[PDB]
Amino acid sequence: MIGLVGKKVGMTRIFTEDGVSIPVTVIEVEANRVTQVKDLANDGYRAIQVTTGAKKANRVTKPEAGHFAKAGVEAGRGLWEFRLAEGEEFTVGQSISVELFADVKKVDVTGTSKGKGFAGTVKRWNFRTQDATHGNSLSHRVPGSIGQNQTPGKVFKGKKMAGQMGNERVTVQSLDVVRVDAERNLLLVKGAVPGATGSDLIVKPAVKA
Amino acid sequence: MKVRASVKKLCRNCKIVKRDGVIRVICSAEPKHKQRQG
Amino acid sequence: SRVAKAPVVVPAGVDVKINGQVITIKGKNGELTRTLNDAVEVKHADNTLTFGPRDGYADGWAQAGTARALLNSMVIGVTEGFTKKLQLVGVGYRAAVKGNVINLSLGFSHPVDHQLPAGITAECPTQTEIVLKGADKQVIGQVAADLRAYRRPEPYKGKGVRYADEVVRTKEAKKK
Amino acid sequence: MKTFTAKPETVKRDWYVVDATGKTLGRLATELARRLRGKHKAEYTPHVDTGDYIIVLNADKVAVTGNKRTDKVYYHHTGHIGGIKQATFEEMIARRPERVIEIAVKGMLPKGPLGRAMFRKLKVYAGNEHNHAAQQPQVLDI
RNA sequence: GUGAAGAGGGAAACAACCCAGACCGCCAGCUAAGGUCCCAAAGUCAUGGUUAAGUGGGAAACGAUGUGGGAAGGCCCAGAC
RNA sequence: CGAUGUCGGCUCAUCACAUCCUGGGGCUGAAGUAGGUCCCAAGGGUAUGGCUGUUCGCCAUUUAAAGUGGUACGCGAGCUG
RNA sequence: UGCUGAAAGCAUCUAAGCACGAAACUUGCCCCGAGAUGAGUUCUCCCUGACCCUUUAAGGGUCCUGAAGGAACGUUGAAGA
């Protein structure tokens with residue numbers, strides 16, 4: 001089905017009754033409220049665009065405010081879009097709550113991971129370090145060789161070298177949802193999800209079987 | 001079966017058939033006589 | 001050639017419709033319809049069915065022969081029908097029919113359920129016989145080949161789903 | 001005097017619609033390449049795009065002879081190393097048949113900036129209708 | 001014989017292979033090798049065959065009811081295969 | 001030859017398939033288990049140590065397996081020496 | 001591996017037709033992605049003045065206006081050379 005947009009609140013644990021600690025991530029999922037519905041007859045695909053949270057009145061621009069004003073909804077902190085599953089139906093301005101996950105049993109959580117900046121190939125690609133002694137001259141963490149010789153005389157595409165690690169979309173699949181709390185607007189999933197605390201998540205039901 | 005480049009009738013029940021541009025020897029008596037690729 | 005030259009004698013009460021290349025034959029057993037090759041010209045001529053090579057095509061004789069035999073089978077498939085008979089050799093091999101699903105117990109860790117297609121009706125007079133009947137010949141040949149294909153006749157003992165007419169040749173172990 | 005040269009500001013060029021049902025791929029392709037160069041016009045000039053706009057339609061219904069329906073293989077390499085990627089003719093007709101006619105014509109047209117400009121005039125569709133009713137394409141029976 | 005010391009056209013590209021030997025000029029004609037569906041000048045020419053393998057567009061001993069042609073021969077409507 | 005650094009180790013690969021494992025299958029002198037042999041298959045995977053400068057090899061103990069080759073016997077403006 | 005089936009009155013998985021069939025192939029899963037110059041789609045927001053000149057054109061210039069928004073600046077960040 002569709003998913004909901006959360007916010008990574010942090011991690012805790014949930015002691016079970018038989019004494020098994022479960023590492024959970026707390027995801028506050030407020031009222032995701034639908035701002036646009038997309039049909040084949042106008043867009044070629046069925047999908048809903050939701051917003052969540054709240055934004056300052058002076059910080060939302062006039063394009064954006066006109067969009068949310070047409071939808072008849074309070075401006076949120078962003079717009080996201082979920083593809084619909086052929087028998088689902090939503091209306092504009094409809095609110096969607098964490099209660100949707102009261103049946104789902106296992107979810108997939110998509111966020112932007114923590115940006116580690118320009119990372120070298122030992123951090124980035126798990127290259128193995130060369131000797132730390134035994135003669136080695138200024139080449140301890142360096143990548144080694146990068147290709148062959150006259151044949152090809154080029155470095156191939158997607159050679160693993162150093163550069164920006166982190167700060168990109170990653171999806172963690174098949175996380176066990178531990179609690180759905182409709183009162184406090186919370187979703188407790190088992191495990192770590194991507195992102196620092198306060199980062200926006202996207203929690204969908206698991207597509208894997 | 002036997003992929004050879006000379007396929008032959010080893011028995012009197014063996015039978016040469018061309019399937020999909022491939023010469024084959026189909027036997028009914030002995031399945032060891034089944035051959036391909038002549 | 002020698003097959004295409006002999007005419008198909010169509011018996012009474014059998015409906016033959018020649019819509020160009022499409023041939024519909026409907027008798028007492030069911031409507032059954034083919035579409036011949038373009039190299040076959042078929043002519044009724046009020047009594048029988050006659051098959052000839054359409055002029056301008058190289059292998060048309062060969063094609064004509066096939067059309068012949070196919071329609072011959074179709075005539076039997078609207079008059080008497082075709083019947084394959086399979087038997088299950090092995091300790092604890094079971095066959096049953098629920099609706100048109102053949103349940104089979106063939107020494108597996110999971111039940112076998114073969115869905116028969118539309119035109120075919122199987123029976124089981126015994127636990128170790130499947131007598132299946134139908135109108136189209138390749139379809140019951142197909143289905144009998146599938147049921148055989150679940151557990152093929154093992155060579156040393158004979159255990160498997162065999163045809164009732166087919167002989168299964170056996171052999172002994174290596175030594176002793 | 002000097003030999004006439006067509007001037008690309010003043011080239012008049014027409015719109016043609018061609019139904020590609022049951023045509024042979026290379027033989028249609030060669031006729032389209034001739035019409036898109038402008039080789040059929042007496043004002044042909046090798047550095048001026050003088051050709052016509054052709055709307056090919058029913059591109060998924062194009063025919064090939066022999067076993068080329070299954071044996072004709074379209075290779076391309078992706079730039080990444082082991083990136084040799086093949087696709088037979090029927091796989092291409094299933095995925096995008098426009099690519100079949102467009103690959104053929106593109107390989108028959110001169111390579112270079114001009115022949116890219118010549119290929120921009122070919123408009124291929126997999127169906128029977130086109131958006132270009134405003135340009136009034138007359139039916140080129142070829 | 002050519003290259004060396006020889007350009008030009010052809011063989012994709014290719015000293016030495018095929019055609020041919022450049023005094024200069026010309027937005028003139030005819031040709032050689034090689035070619036005429038499109039890139040790319042010129043036959044998607046005419047008549048009669050052959051192959052379906054993309055053979056054409058690598059590769060042998062050897063294998064094979066692929067297929068077109070030719071000359072014979074055994075049996076055969078006292079009925080052959 | 002007005003310089004194209006040449007074994008081995010390390011780091012980092014990459015392609016071929018004449019396949020070591022895993023996957024499909026035919027024959028078996030294939031009862032089962034385990035095999036032998038041949039066809040298909042390149043997705044991914046495909047040891048740690050003693051000795052030796054060694055590649056190799058022998059040995060020890062693993063492993064589903066410890067593939068065979070090409071890549072300047074890949075890789076010294078990347079390291080060692 | 002077959003089913004039906006002739007050429008070859010039999011046989012035959014193939015020539016017409018039909019069904020299975022593997023980690024390879026195309027998808028399914030994850031990420032990038034309209035410079036996809038073939039530059040796409042959808043929603044929303046903003047701008048509704050006069051007047052001269054000429055070799056009268058998607059031409060040049062003067063005055064009045066300066067929107068949506070962006071950029072700069074600052075406080076900065078689990079973003080960052």
# chains A, B, ... in the order shown; residues from 1 in each chain; ligands from 1

call {"tool": "select_by_dssp", "arguments": {"residues": "region 85-137 of chain D", "states": "strand (DSSP E)", "output": "VMD selection string"}}
result
chain D and resid 85 to 88 122 to 124

call {"tool": "write_last_selection", "arguments": {"atoms": "N, CA, C and O atoms", "output": "short mmCIF file (atom, residue, chain, number, x, y, z; two decimals), in the first residue's frame"}}
result
data_model
loop_
_atom_site.label_atom_id
_atom_site.label_comp_id
_atom_site.auth_asym_id
_atom_site.auth_seq_id
_atom_site.Cartn_x
_atom_site.Cartn_y
_atom_site.Cartn_z
N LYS D 85 25.43 -5.37 -24.04
CA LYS D 85 24.02 -5.69 -23.82
C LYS D 85 23.31 -5.94 -25.09
O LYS D 85 23.20 -5.04 -25.87
N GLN D 86 22.82 -7.16 -25.27
CA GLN D 86 22.18 -7.55 -26.51
C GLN D 86 20.67 -7.61 -26.34
O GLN D 86 20.20 -7.76 -25.27
N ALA D 87 19.92 -7.51 -27.44
CA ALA D 87 18.46 -7.65 -27.43
C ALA D 87 18.03 -8.06 -28.80
O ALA D 87 18.23 -7.28 -29.72
N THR D 88 17.35 -9.18 -28.96
CA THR D 88 16.87 -9.63 -30.25
C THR D 88 15.77 -8.75 -30.81
O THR D 88 15.33 -7.82 -30.18
N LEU D 122 12.40 12.53 -38.72
CA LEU D 122 11.66 11.26 -38.70
C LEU D 122 10.91 11.19 -37.42
O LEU D 122 11.48 11.31 -36.31
N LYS D 123 9.61 10.94 -37.51
CA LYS D 123 8.72 10.80 -36.32
C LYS D 123 8.09 9.43 -36.36
O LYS D 123 7.27 9.18 -37.26
N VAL D 124 8.48 8.53 -35.47
CA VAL D 124 7.93 7.13 -35.57
C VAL D 124 6.98 6.88 -34.42
O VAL D 124 7.13 7.40 -33.33
#

call {"tool": "interface_residues", "arguments": {"of": "chain C", "to": "chain B", "cutoff": "12 Å", "atoms": "only C-alpha atoms", "output": "PyMOL selection string"}}
result
chain C and resi 155+167-171

call {"tool": "residues_around", "arguments": {"residues": "residue 26 (chain F)", "least_positions_apart": "6", "cutoff": "12 Å", "atoms": "only C-alpha atoms (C1' of nucleotides)", "output": "ChimeraX atom specification"}}
result
/B:1-3,31-36 /F:37-40 /G:1

call {"tool": "residues_around", "arguments": {"residues": "residue 128 (chain C)", "least_positions_apart": "2", "cutoff": "10 Å", "atoms": "only C-alpha atoms (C1' of nucleotides)", "output": "short mmCIF file (atom, residue, chain, number, x, y, z; two decimals) with N, CA and C atoms, in the first residue's frame"}}
result
data_model
loop_
_atom_site.label_atom_id
_atom_site.label_comp_id
_atom_site.auth_asym_id
_atom_site.auth_seq_id
_atom_site.Cartn_x
_atom_site.Cartn_y
_atom_site.Cartn_z
N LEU C 86 -3.73 -44.48 -18.06
CA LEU C 86 -2.42 -44.47 -17.36
C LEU C 86 -2.54 -45.33 -16.14
N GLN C 87 -1.46 -45.99 -15.74
CA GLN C 87 -1.47 -46.73 -14.49
C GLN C 87 -0.25 -46.47 -13.68
N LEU C 88 -0.44 -46.49 -12.35
CA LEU C 88 0.57 -46.05 -11.39
C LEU C 88 1.15 -47.28 -10.72
N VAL C 89 2.43 -47.52 -10.94
CA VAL C 89 3.11 -48.67 -10.38
C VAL C 89 4.01 -48.21 -9.26
N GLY C 90 3.70 -48.64 -8.06
CA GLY C 90 4.55 -48.33 -6.92
C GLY C 90 3.78 -48.54 -5.64
N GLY C 92 2.07 -47.47 -2.51
CA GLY C 92 1.47 -46.25 -2.05
C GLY C 92 1.41 -45.14 -3.09
N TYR C 93 1.08 -45.45 -4.35
CA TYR C 93 0.78 -44.43 -5.34
C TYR C 93 -0.73 -44.30 -5.53
N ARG C 94 -1.26 -43.11 -5.30
CA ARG C 94 -2.70 -42.92 -5.30
C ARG C 94 -3.08 -41.92 -6.36
N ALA C 95 -4.25 -42.11 -6.93
CA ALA C 95 -4.81 -41.18 -7.87
C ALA C 95 -6.30 -40.99 -7.54
N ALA C 96 -6.75 -39.75 -7.47
CA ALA C 96 -8.14 -39.44 -7.23
C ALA C 96 -8.54 -38.22 -8.06
N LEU C 104 -2.69 -36.66 -6.84
CA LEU C 104 -1.72 -37.76 -7.01
C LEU C 104 -0.81 -37.81 -5.80
N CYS C 124 -11.13 -42.44 -12.33
CA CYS C 124 -10.29 -43.38 -11.63
C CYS C 124 -11.13 -44.56 -11.18
N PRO C 125 -11.15 -45.64 -11.98
CA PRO C 125 -11.84 -46.84 -11.54
C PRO C 125 -11.11 -47.55 -10.41
N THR C 126 -9.80 -47.34 -10.28
CA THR C 126 -9.02 -47.90 -9.19
C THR C 126 -8.15 -46.76 -8.66
N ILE C 130 -5.70 -44.09 -14.12
CA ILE C 130 -6.34 -42.86 -14.53
C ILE C 130 -6.76 -43.02 -15.97
N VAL C 161 4.46 -43.47 -13.10
CA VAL C 161 3.23 -43.34 -13.83
C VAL C 161 3.51 -43.77 -15.21
#

call {"tool": "residues_around", "arguments": {"residues": "region 28-42 of chain G", "least_positions_apart": "5", "cutoff": "10 Å", "atoms": "only C-alpha atoms (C1' of nucleotides)", "output": "mmCIF file with N, CA and C atoms, in the first residue's frame"}}
result
data_model
loop_
_atom_site.group_PDB
_atom_site.id
_atom_site.type_symbol
_atom_site.label_atom_id
_atom_site.label_comp_id
_atom_site.auth_asym_id
_atom_site.auth_seq_id
_atom_site.Cartn_x
_atom_site.Cartn_y
_atom_site.Cartn_z
ATOM 1 N N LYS A 38 -3.363 12.095 -7.988
ATOM 2 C CA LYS A 38 -2.971 11.993 -9.351
ATOM 3 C C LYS A 38 -3.573 10.748 -10.009
ATOM 4 N N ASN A 42 -4.978 12.525 -16.122
ATOM 5 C CA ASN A 42 -4.257 13.776 -16.109
ATOM 6 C C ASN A 42 -2.721 13.629 -15.972
ATOM 7 N N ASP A 43 -2.238 12.539 -15.392
ATOM 8 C CA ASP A 43 -0.825 12.378 -15.108
ATOM 9 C C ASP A 43 -0.176 11.098 -15.601
ATOM 10 N N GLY A 44 -0.946 10.095 -15.988
ATOM 11 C CA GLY A 44 -0.393 8.853 -16.440
ATOM 12 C C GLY A 44 -0.097 7.860 -15.356
ATOM 13 N N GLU A 168 22.928 10.263 1.364
ATOM 14 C CA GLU A 168 22.217 9.829 0.204
ATOM 15 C C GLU A 168 21.072 8.965 0.565
ATOM 16 N N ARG A 169 20.163 8.732 -0.357
ATOM 17 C CA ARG A 169 18.953 7.933 -0.034
ATOM 18 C C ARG A 169 19.296 6.501 0.144
ATOM 19 N N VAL A 170 18.967 5.948 1.288
ATOM 20 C CA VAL A 170 19.058 4.497 1.511
ATOM 21 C C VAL A 170 17.813 4.037 2.111
ATOM 22 N N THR A 171 17.437 2.842 1.713
ATOM 23 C CA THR A 171 16.251 2.173 2.174
ATOM 24 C C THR A 171 16.720 0.931 2.893
ATOM 25 N N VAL A 172 16.296 0.798 4.138
ATOM 26 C CA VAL A 172 16.418 -0.446 4.896
ATOM 27 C C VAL A 172 15.139 -1.236 4.782
ATOM 28 N N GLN A 173 15.241 -2.475 4.313
ATOM 29 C CA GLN A 173 14.082 -3.299 4.102
ATOM 30 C C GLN A 173 13.750 -4.298 5.209
ATOM 31 N N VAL A 207 7.732 -4.603 0.590
ATOM 32 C CA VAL A 207 7.451 -5.178 -0.687
ATOM 33 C C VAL A 207 7.983 -6.602 -0.763
ATOM 34 N N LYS A 208 9.005 -6.944 0.022
ATOM 35 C CA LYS A 208 9.463 -8.330 0.040
ATOM 36 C C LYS A 208 8.463 -9.230 0.772
ATOM 37 N N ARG D 120 16.117 14.192 -36.962
ATOM 38 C CA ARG D 120 15.116 14.837 -36.149
ATOM 39 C C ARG D 120 13.790 14.965 -36.898
#

call {"tool": "residues_around", "arguments": {"residues": "region 6-20 of chain G", "least_positions_apart": "2", "cutoff": "12 Å", "atoms": "only C-alpha atoms (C1' of nucleotides)", "output": "count of residues only"}}
result
60

call {"tool": "residues_around", "arguments": {"residues": "region 12-22 of chain D", "least_positions_apart": "4", "cutoff": "6 Å", "atoms": "only C-alpha atoms (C1' of nucleotides)", "output": "PyMOL selection string"}}
result
chain D and resi 52-59+61-63+137-140

call {"tool": "write_last_selection", "arguments": {"atoms": "N, CA and C atoms", "output": "compact mmCIF listing (two decimals), in the first residue's frame"}}
result
# COMPACT_ATOMS: atom_id res chain seq x y z
N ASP D 52 12.31 15.86 -46.27
CA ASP D 52 10.98 16.01 -45.80
C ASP D 52 10.80 15.45 -44.43
N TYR D 53 9.71 15.81 -43.77
CA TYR D 53 9.33 15.20 -42.51
C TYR D 53 8.47 14.01 -42.74
N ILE D 54 8.87 12.85 -42.29
CA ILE D 54 8.12 11.63 -42.45
C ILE D 54 7.56 11.16 -41.11
N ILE D 55 6.29 10.85 -41.05
CA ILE D 55 5.67 10.28 -39.87
C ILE D 55 5.46 8.80 -40.15
N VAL D 56 6.36 7.96 -39.69
CA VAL D 56 6.14 6.51 -39.77
C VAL D 56 5.22 6.09 -38.69
N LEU D 57 4.21 5.30 -39.03
CA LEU D 57 3.31 4.74 -38.00
C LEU D 57 3.10 3.29 -38.24
N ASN D 58 2.57 2.61 -37.22
CA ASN D 58 2.54 1.16 -37.10
C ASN D 58 3.93 0.58 -37.18
N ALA D 59 4.82 1.08 -36.36
CA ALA D 59 6.19 0.59 -36.30
C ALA D 59 6.35 -0.74 -35.68
N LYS D 61 4.51 -3.25 -36.41
CA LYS D 61 4.02 -4.18 -37.39
C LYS D 61 4.92 -4.36 -38.55
N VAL D 62 6.16 -3.90 -38.40
CA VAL D 62 7.16 -4.03 -39.49
C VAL D 62 7.64 -5.45 -39.54
N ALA D 63 8.02 -5.89 -40.74
CA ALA D 63 8.36 -7.30 -40.98
C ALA D 63 9.79 -7.45 -41.38
N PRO D 137 -0.13 15.78 -43.00
CA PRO D 137 0.78 14.95 -43.75
C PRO D 137 0.03 14.15 -44.81
N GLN D 138 0.45 14.28 -46.06
CA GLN D 138 -0.14 13.52 -47.10
C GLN D 138 0.45 12.13 -47.16
N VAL D 139 -0.34 11.16 -47.59
CA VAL D 139 -0.01 9.74 -47.43
C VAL D 139 0.98 9.33 -48.48
N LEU D 140 2.21 9.10 -48.06
CA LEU D 140 3.28 8.66 -48.95
C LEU D 140 3.21 7.14 -49.02

call {"tool": "interface_residues", "arguments": {"of": "chain B", "to": "chain E", "cutoff": "6 Å", "atoms": "only C-alpha atoms (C1' of nucleotides)", "output": "list in words"}}
result
residues 6, 7 and 38 of chain B

call {"tool": "write_last_selection", "arguments": {"atoms": "N, CA and C atoms", "output": "CSV table (one decimal), in the first residue's frame"}}
result
chain,number,residue,atom,x,y,z
B,6,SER,N,31.1,-37.7,-35.7
B,6,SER,CA,30.5,-38.7,-36.6
B,6,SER,C,29.4,-39.5,-35.9
B,7,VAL,N,28.2,-39.2,-36.3
B,7,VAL,CA,27.1,-40.0,-35.8
B,7,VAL,C,26.7,-41.0,-36.8
B,38,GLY,N,26.1,-34.8,-35.6
B,38,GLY,CA,27.0,-35.3,-36.8
B,38,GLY,C,27.2,-34.3,-37.9

call {"tool": "atom_distance", "arguments": {"atom1": "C1' of residue 24 (chain G)", "atom2": "CA of residue 70 (chain D)"}}
result
18.4 Å

call {"tool": "select_by_dssp", "arguments": {"residues": "region 27-203 of chain A", "states": "helix (DSSP H, G or I)", "output": "number ranges by chain"}}
result
A: 40-43, 62-71, 98-101, 121-124

call {"tool": "decode", "arguments": {"residues": "region 137-156 of chain A", "atoms": "N, CA and C atoms", "output": "short mmCIF file (atom, residue, chain, number, x, y, z; two decimals), in the first residue's frame"}}
result
data_model
loop_
_atom_site.label_atom_id
_atom_site.label_comp_id
_atom_site.auth_asym_id
_atom_site.auth_seq_id
_atom_site.Cartn_x
_atom_site.Cartn_y
_atom_site.Cartn_z
N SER A 137 56.56 3.10 2.09
CA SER A 137 56.99 4.49 1.90
C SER A 137 55.81 5.26 1.44
N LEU A 138 55.23 5.98 2.39
CA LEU A 138 54.12 6.96 2.20
C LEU A 138 52.83 6.38 1.60
N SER A 139 52.65 5.09 1.63
CA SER A 139 51.48 4.50 1.05
C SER A 139 50.89 3.47 2.01
N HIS A 140 50.10 3.94 2.98
CA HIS A 140 49.54 3.07 3.99
C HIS A 140 48.07 2.86 3.75
N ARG A 141 47.32 3.92 3.65
CA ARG A 141 45.93 3.86 3.35
C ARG A 141 45.54 4.13 1.90
N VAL A 142 46.49 4.13 0.97
CA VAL A 142 46.23 4.60 -0.42
C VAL A 142 45.60 3.40 -1.18
N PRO A 143 44.97 3.61 -2.33
CA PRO A 143 44.23 2.57 -2.95
C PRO A 143 45.03 1.50 -3.70
N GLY A 144 46.32 1.67 -3.86
CA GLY A 144 47.08 0.62 -4.55
C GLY A 144 47.10 1.03 -6.02
N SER A 145 47.08 0.02 -6.83
CA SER A 145 46.88 0.12 -8.30
C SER A 145 45.43 0.45 -8.67
N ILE A 146 45.25 1.05 -9.81
CA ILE A 146 43.91 1.38 -10.29
C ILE A 146 43.61 0.85 -11.64
N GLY A 147 44.53 0.16 -12.26
CA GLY A 147 44.17 -0.56 -13.42
C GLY A 147 45.37 -1.34 -13.93
N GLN A 148 45.33 -1.68 -15.25
CA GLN A 148 46.23 -2.70 -15.74
C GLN A 148 47.52 -2.17 -16.35
N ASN A 149 47.60 -1.94 -17.63
CA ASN A 149 48.84 -1.50 -18.31
C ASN A 149 48.51 -0.95 -19.65
N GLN A 150 49.22 -1.29 -20.72
CA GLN A 150 48.87 -0.65 -22.06
C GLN A 150 47.53 -1.04 -22.51
N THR A 151 47.26 -2.35 -22.54
CA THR A 151 45.90 -2.84 -22.55
C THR A 151 45.33 -2.48 -21.20
N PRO A 152 44.13 -1.99 -21.03
CA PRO A 152 43.41 -0.94 -21.62
C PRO A 152 44.03 0.44 -21.65
N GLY A 153 44.93 0.77 -20.73
CA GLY A 153 45.37 2.14 -20.68
C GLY A 153 44.29 3.11 -20.38
N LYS A 154 43.40 2.69 -19.50
CA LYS A 154 42.31 3.54 -19.05
C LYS A 154 41.91 2.94 -17.76
N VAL A 155 41.23 3.71 -16.93
CA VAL A 155 40.71 3.22 -15.70
C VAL A 155 39.29 2.94 -16.04
N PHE A 156 38.75 1.79 -15.63
CA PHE A 156 37.39 1.47 -16.09
C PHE A 156 36.36 2.30 -15.36
#
